[PDB]
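# Fold and geometry: a report
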Amino acid sequence: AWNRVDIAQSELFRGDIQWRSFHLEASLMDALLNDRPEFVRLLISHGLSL
Amino acid sequence: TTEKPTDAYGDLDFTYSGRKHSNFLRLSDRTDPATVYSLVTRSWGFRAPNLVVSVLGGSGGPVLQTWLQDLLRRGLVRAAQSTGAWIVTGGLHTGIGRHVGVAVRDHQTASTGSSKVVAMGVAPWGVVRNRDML
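Under the PDB entry, chain B has the name Transient receptor potential cation channel subfamily M member 4 and belongs to Mus musculus.

Going by what the PDB entry lists, chain A is known as Transient receptor potential cation channel subfamily M member 4 and is assigned to Mus musculus.

Encoded structure:
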């Protein structure tokens, strides 16, 4: 929502959380409804089913 | 015990999109690895290695330290990607199987290296969760 790539990038490099898929799908709809292409490239490159 | 021909092999896709098909094989234990080397380097298609690094450890189950996570992210994968190498680990999540796999995913994301480190995995047949789809 802030359209800041560095926060989401760094929070995906944090190896403690074990990011679950439904949070990634929720943030993907936030990246697809709004015009943020760079988050779509980043979140799909993490690994996510379609 | 009776020795029978194999039934589990071929491609292997996951639900995650953007990637190729992985390759697996159900194999006997009392066999010779010369036909394993011919199967990998000829039939699937893989280059000859220049270095083989096998990674063992994993007393920390859920979380490993960030210092070793910096080593496994950068200092192992950059050498296995510059020299051209095979990192042989256990193919399951337990132990340092996750921290190697997360390190390869981190390095494949952090650069446009246009290649991936051939991280090979061995695993016993008995301890796979859902093997009935194979």
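So, about the overall build of chain A. Looking only at helices and strands, one finds three helices and zero strands in chain A. Reading chain A from its N terminus to its C terminus gives the helix and strand order α-α-α. For 50 residues, the compact-globule estimate of 2.2 N^0.38 gives 10 Å, and the C-alpha radius of gyration of chain A, at 10 Å, lies within 12% of that figure. For chain A, the C-alpha atoms occupy an extent of roughly 30 × 25 × 15 Å along the three principal directions. Scored against the burial criterion, the 50 residues of chain A give a buried share of 24%. Of the roughly 3,800 Å² of accessible surface on chain A, 52% is carried by carbon and sulfur atoms.

Taken together, the side chains of B:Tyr9, B:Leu25, B:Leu27, B:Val36, B:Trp44 and B:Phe46 present a nonpolar region at the surface, about 530 Å² in accessible area. Looking at the secondary structure, you find B:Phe46 in the loop between α1 (34-45) and β3 (52-54).

Of the residues lining the interface, 13 residues belong to chain A; the matching set on chain B comes to 13 residues. Of the roughly 1,100 Å² buried between chain A and chain B, counting both surfaces, carbon and sulfur atoms make up 48%. The three residues of chain A that bury the most area against chain B are A:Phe13, A:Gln18 and A:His46, which together make up 39% of that side's buried surface. Summed over the shared surface of chain A and chain B, the result is zero salt bridges. At the boundary of chain A and chain B, one finds three residue pairs in polar contact. Looking at the side of chain A that touches chain B, the element that brings in the most residues is helix α3 (residues 37-46) of chain A, giving four residues. Looking at side-chain class alone, the side of chain A that touches chain B contains six nonpolar, six polar and one charged residues.

Ranked by size, the top nonpolar core spans 13 residues in total, and within it B:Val55, B:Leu72, B:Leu76, B:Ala80, B:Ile87 and B:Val117 carry the most contacts. At the level of elements, α3 (77-82) and α4 (97-110) of chain B are the ones that each hand at least two residues to this core. The element that contributes the greatest number of residues to this core is α4(B), accounting for three residues. Discounting chain neighbours no more than four positions away, the residues touching B:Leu76 are B:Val53, B:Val55, B:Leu71 and B:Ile87. A:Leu12, A:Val40, A:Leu42 and A:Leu43 belong to the second largest nonpolar core, which has ten residues in total.

Analysis parameters
- Residues numbered from 1 in each chain as written, not as in the entry; some residues may be left out.
- Chains lettered and ligands numbered in written order.
- Part of a larger assembly, values for the part shown.
- Heavy atoms only, no water.
- Helix = DSSP H or I, 4+ residues; strand = E, 2+ residues; numbered from the N terminus.
- Rg over C-alpha atoms; globule rule 2.2 N^0.38 Å.
- Buried < 20%, exposed > 50% of the residue type's maximum accessible area, 1.4 Å probe, protein only.
- Areas by Shrake-Rupley, 256 points an atom, 1.4 Å probe, with all protein chains shown as cover.
- Patch = residues over 30% accessible without salt bridge, like charges linked within 9 Å, V, L, I, M, F, W, Y side chains within 5 Å.
- Salt bridge = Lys/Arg side-chain N within 4 Å of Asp/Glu carboxyl O.
- Contact = heavy atoms within 4.5 Å.
- Buried area = accessible area lost by both parts, 1.4 Å probe.
- Polar contact = N/O pair within 3.5 Å; in protein donor to acceptor, adjacent residues only side chain to side chain.
- Nonpolar A, V, L, I, M, F, W, Y, C, P; charged D, E, K, R; others polar.
- Core = buried A, V, L, I, M, F, W, Y, C linked by side-chain atoms within 4.5 Å.

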